[PDB]
There are 2 protein chains.
Amino acid sequence: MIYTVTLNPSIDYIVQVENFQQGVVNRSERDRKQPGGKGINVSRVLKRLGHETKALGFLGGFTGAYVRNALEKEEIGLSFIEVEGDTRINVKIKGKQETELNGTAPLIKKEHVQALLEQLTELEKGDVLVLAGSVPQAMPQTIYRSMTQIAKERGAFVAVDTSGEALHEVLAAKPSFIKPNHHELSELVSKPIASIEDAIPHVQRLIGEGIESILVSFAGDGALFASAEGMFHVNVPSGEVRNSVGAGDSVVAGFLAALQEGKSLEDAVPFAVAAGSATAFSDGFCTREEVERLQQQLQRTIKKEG
Amino acid sequence: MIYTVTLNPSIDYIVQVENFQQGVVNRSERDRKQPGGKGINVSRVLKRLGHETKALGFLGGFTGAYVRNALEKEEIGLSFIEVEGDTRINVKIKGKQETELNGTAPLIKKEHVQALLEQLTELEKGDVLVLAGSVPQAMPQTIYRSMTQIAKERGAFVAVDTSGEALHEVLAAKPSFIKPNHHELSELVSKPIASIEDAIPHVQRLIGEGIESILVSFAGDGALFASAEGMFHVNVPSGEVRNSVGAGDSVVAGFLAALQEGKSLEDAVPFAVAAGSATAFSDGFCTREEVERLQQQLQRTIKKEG
């Protein structure tokens, strides 16, 4: 049904140290590690929302074994291609400041990329393909455009959450749904967008260019959703954000979980934004209960637009 | 024959990064992962110098599995005790400002910190017990004092490489060898130090309390050795130090390797100081051939003390 692709998964090593300072021996007070990567995170959250997914991508070494074991324990569908190097270890330092340091991508022989593309020919009509995250530089940045084509030639629904050249490249493939935050969208059109008004003309050009739906977040300023069927705004429940290591991925899962449940593209927006917020407010990720709650609240702030 | 103890072992994650800012992101340019822990390093460097050893300590979690697999490949003797906790990960960032980030020590039950002491009971006359590295706050900072005893009461040679209360409390136990750098010595004799003479009176008193040998390195300026047979100085090879990760652990391994091969306490010093700077003048752990060479260099640099 729903397939997620994570080209560069990882072990997110989350560490809070209210004292983290350069050139010095920092100790940790609170340590945690969890499998990471945008595709993987959409899977995990989907699971928490009661939906299965089959996770795809590349995994290597003991760190990859850790990632595979974990998803296994969470009873999440998976079919990763083993690679030679080790899966990267990403370091997330919380506390006073918020500093990140990503590990190097592991080498991926061309045969593996060919095998990953091979798996996609398995998508059937009505399946969903989620391509989220960065594309290792060693790989053709047009990779998502390729995977989207394979998917579309099989009737599969494509949801994309990337940036840079990779996102620019995917457009010609006309995926079904994209979710750029306002900064990613500004980067895509090479123009600044700070308000809902700044984005509307561009969104309208994208829908007419074949993109079926788009959801642009403006952080604590709500979200804008456009479909050839319409355009409207929605607010965020507001609250103290206790975490921010997979909130955009939650929005994607929420949207897709709702679509699975038969709701309409428009009707799904409320649930997705809430899922993002729920995760943004809890130490870990959102729960089916939390989302439903917040969603009820947001399902009114719905202001038309366009 | 030579036992090493590592209470808080770990996987050392070295990541080279330039212009390693803060608050934002940071992409590694080069990564590296290997077993960490002072005792562990001593066993690894001893292996390279041609000598076996059995490493003891506490490992847990997939991280602990890694440590164990790696040492088993280097064919290093071992017998750690599995604790329900997850061996830590210390992120050693390098560049123009090598920083560090030590992970939260796992969790060790009493019966564990007891089956260990229980292992020491096998020690025999002529054996060697190496105690190095800080102590997990989850344990009493007197733990080395306690082990030295068991060890000493068995004709075993105890060498210690620590600092802080831990180092302070071991003294009354009368260990056979300690290597406080000129600083740790100030942090011990609770008094500042500087001259090569500003330490002899104090290294003298320590020897008089029952401690067999003391090796105190003046960072960049040489090192002083003291035993009941008198003392002498030796200068450091002098060269470009690329790595520091495990230099002190090398002087210790060198000193022990040299005594294993029959050489005397004082005659083993050159060899130990050689292993130290041979590891430092490199991007990895020193090789036998390297030590022997610089050994001769330092061999001539020998001056008795007044």
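Residues numbered from 1 in each chain as written, not as in the entry; some residues may be left out. Chains lettered and ligands numbered in written order. Heavy atoms only, no water. Residues with missing side-chain atoms left out of burial classes, pairs and counts.

This deposited entry lists X-ray crystallography as its structure determination method and 2.1 Å as its resolution.

Student: So, the UniProt feature "domain: Carbohydrate kinase PfkB" (unreviewed entry) in chain A: which residues are in play, and what are the values?
Tutor: In this structure's numbering, the residues bearing the UniProt feature "domain: Carbohydrate kinase PfkB" (unreviewed entry) are residues 10–284 of chain A. Secondary structure across residues 10–284 of chain A comprises 38% helix and 24% strand; the distance between its end C-alpha atoms is 17 Å. (UniProt positions renumbered as here; feature names shortened; annotations may be inferred. Helix = DSSP H or I, 4+ residues; strand = E, 2+ residues; numbered from the N terminus.)

Student: Report on the interface of chain A and chain B, specifying residues and quantitative values.
Tutor: At the interface, 31 residues of chain A touch 32 residues of chain B. Of all elements in the fold, only strand 2 (10–16), strand 3 (25–27), strand 4 (30–36), helix 2 (61–73), strand 8 (88–94) and strand 9 (99–101) of chain A reach the threshold of two or more residues within the side of chain A that touches chain B. For the side of chain A that touches chain B, the per-class residue count stands at 13 nonpolar, 10 polar and 8 charged. Here 3 bridges tie strand 3 of chain A to strand 8 (residues 100–102) of chain B, and the two strands are oriented parallel to one another. Paired with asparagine 26 of chain A across the bridge in strand 8 of chain B is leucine 101 of chain B. (Contact = heavy atoms within 4.5 Å. Nonpolar A, V, L, I, M, F, W, Y, C, P; charged D, E, K, R; others polar. Pairing = 2+ DSSP bridges.)

Student: Break down the pairing of strand 7 (residues 88–94) of chain B for me, citing the residues and quoting the values.
Tutor: Residues and elements named next belong to chain B. Across the 7 residues of strand 7, 6 count as buried, placing the element largely inside the fold. Taken together, the 7 bridges between strand 2 (residues 10–16) and strand 7 define a ladder with parallel strand orientation. Bridge pairing in strand 7 places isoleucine 14 opposite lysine 92. (Buried < 20%, exposed > 50% of the residue type's maximum accessible area, 1.4 Å probe, protein only.)

Student: Please provide a residue-by-residue account of the packing of aromatic side chains, values included.
Tutor: Any aromatic ring pair is given by two values, namely how distant the centres are and how the planes are angled relative to each other. For the coordinates displayed, the defined rule picks out 9 aromatic pairs over all chains. Their ring planes at 10° and their centres at 4.3 Å tell us that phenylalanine 177 of chain A and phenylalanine 255 of chain A sit as a pair that is stacked. On the criterion of sequence distance, the pair formed by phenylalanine 177 of chain A in strand 12 (residues 177–178) and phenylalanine 255 of chain A in helix 8 (residues 247–260) is long-range, its members being 78 residues apart. Looking at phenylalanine 177 of chain A, the relative accessible area reads 1%, which means it is buried. With a relative accessible area of 0%, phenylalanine 255 of chain A lands in the buried category. By way of ring pairs, the aromatic residues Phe62 and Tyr66 of chain A together with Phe62 and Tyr66 of chain B are connected into one cluster. When the ring centre of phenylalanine 271 of chain A is taken as reference, the NZ or CZ atom of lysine 263 of chain A above it lies at 4.6 Å. (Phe/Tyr/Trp six-rings, centres within 6.5 Å; stacked < 30°, edge-to-face > 60°. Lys NZ or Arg CZ within 6 Å of the ring centre and 35° of its normal.)

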